[PDB]
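First comes one chain, alone, set out as structure tokens in the form solved without the ligand.
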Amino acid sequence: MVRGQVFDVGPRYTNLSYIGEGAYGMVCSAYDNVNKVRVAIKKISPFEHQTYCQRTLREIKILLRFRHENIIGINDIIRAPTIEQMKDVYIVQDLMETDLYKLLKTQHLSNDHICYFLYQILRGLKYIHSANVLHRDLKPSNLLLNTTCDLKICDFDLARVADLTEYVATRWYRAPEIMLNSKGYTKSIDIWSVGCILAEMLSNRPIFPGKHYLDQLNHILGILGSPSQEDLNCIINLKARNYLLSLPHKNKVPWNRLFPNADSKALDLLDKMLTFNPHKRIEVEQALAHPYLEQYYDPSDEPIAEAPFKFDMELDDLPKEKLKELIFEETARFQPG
């Protein structure tokens, strides 16, 4: 009934209106007749591909467990009664006004907003990482905003527990570790992404807008300068390691030459976040205590996960059918009754 595709969210959710696409697939805005508000609903049909089952079930479990002001929550999950009948899954979330991607492309951002937005991202991320969870795909389009400048992290489809070759809308916000296929990436990849986002909030333009795979590193090395052999510490691709050393020695561009009107405090933190070496990269807890965020910093009003995360089984090994059963049992909560 919407854009040709069927949307069986009624009778609770009515007044449908198309928003955009996934991630998983079609997303629409509907009026919740129960809670008397408008909500966002994602339609998911993951039962064909095996990876889609992983990403769907992983996001469900994580988000249902999480409970934070700066993280989107799942209000409801609509699916068919029986398991064979269930071919689609509908996730209901709070309808946010806009995102950081829409905002940055059109309108200029003041320092106080940039500072406030940065604090909320890290505050939310703190809760994430404290739960030993990696978002892995942070970006301006994954940061939703409302009327009162409240920020919420979204789209945990590519998330996992801290211990790929799939398609993505953008690779501009990925750490060099991912680019260099460094098996054993940690929480530092999220920090890098927030760094790229900080930079984009300042200049209203992407900091590392590479056209493709190799071009991404050229923009990074162009600004940060060439890396040492010590930076090449982790078990990375031997050829990629050699290729990096074979490239011409580029010089580091001072941040104030890139961001002249930017606050010196913000640039200081920006530096610590966008360091090539993953281990030398600042941690979220230390990033919040940074002088730039002292106006909002408050350890007493920054909740964490009561206990770190751990899934019962490894979903990477389970087949397409057992994952459906796992999804079926995880969504059993919202079924009446």
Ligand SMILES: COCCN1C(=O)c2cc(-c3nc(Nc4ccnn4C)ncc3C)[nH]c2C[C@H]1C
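For every residue, the number given is its place in the sequence shown, counted from 1.
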- Message: Missing residues between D163 and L164 in the deposited sequence, please: none, 1 to 3, 4 to 9, or 10 or more.
- Response: 4 to 9
- Item | Mean C-alpha temperature factor, higher of 280 to 288 and 305 to 313 | 305 to 313
- Identify the stretch, either 69 to 77 or 109 to 117, whose C-alpha atoms have the larger mean B-factor according to the entry. 109 to 117
- Choose from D99, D231, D137, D94 the residue with the greatest Cα B-factor as stated in the PDB record. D231
- Query: In the PDB entry, which of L221, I235, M179, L244 has its C-alpha at the highest B-factor?
  - Reply: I235
- CA B-factor placement of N204, once the chain's modelled residues are sorted into thirds: lowest
- Task: Among all modelled residues of this chain, ranked by Cα B factor, put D190 in the bottom, middle or top third, i.e. lowest, middle or highest.
- Result: lowest
- By the record's CA B-factor, is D271 among the lowest, middle or highest third of residues in the chain? lowest
- Message: Lowest, middle or highest third: which one holds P248 when the chain's residues are ordered by CA B-factor from the entry?
- Response: highest
- For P227, the third of its chain by CA B-factor is the middle
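What comes next is about the form deposited with the ligand bound, which is not displayed.
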- Query: Where the ligand sits in the deposited complex, superposed onto the shown form by the site's C-alphas, are 3 or more of its atoms within 2.4 Å of backbone or C-beta (blocked), or none (open)?
  - Reply: blocked
- Looking at 137 to 145, 181 to 189, 244 to 252, 215 to 223, which lies within 4.5 angstroms of the ligand in the deposited complex, counting heavy atoms? 137 to 145
- Message: To verify the annotation, which of these, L293, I62, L269, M26, has a non-hydrogen atom within 4.5 Å of the ligand in the deposited complex?
- Response: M26
- In this chain shown alone, the residue from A162, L95, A80, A240 with a heavy atom within 4.5 Å of the ligand in the deposited complex is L95
- Message: How about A287 - does it come within 4.5 Å of the ligand in the deposited complex, if we only consider non-hydrogen atoms?
- Response: no
- Task: Would you check, heavy atoms only and a 4.5 Å threshold, whether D155 touches the ligand in the deposited complex?
- Result: yes
- Query: Could you tell me if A40 has a non-hydrogen atom within 4.5 Å of the ligand in the deposited complex?
  - Reply: yes
- Message: Can you tell me if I72 lies within 4.5 angstroms of the ligand in the deposited complex, counting non-hydrogen atoms only?
- Response: yes
- Task: Taking only heavy atoms into account, state which residues of 257 to 288 are within 4.5 Å of the ligand in the deposited complex, ordered by sequence.
- Result: none
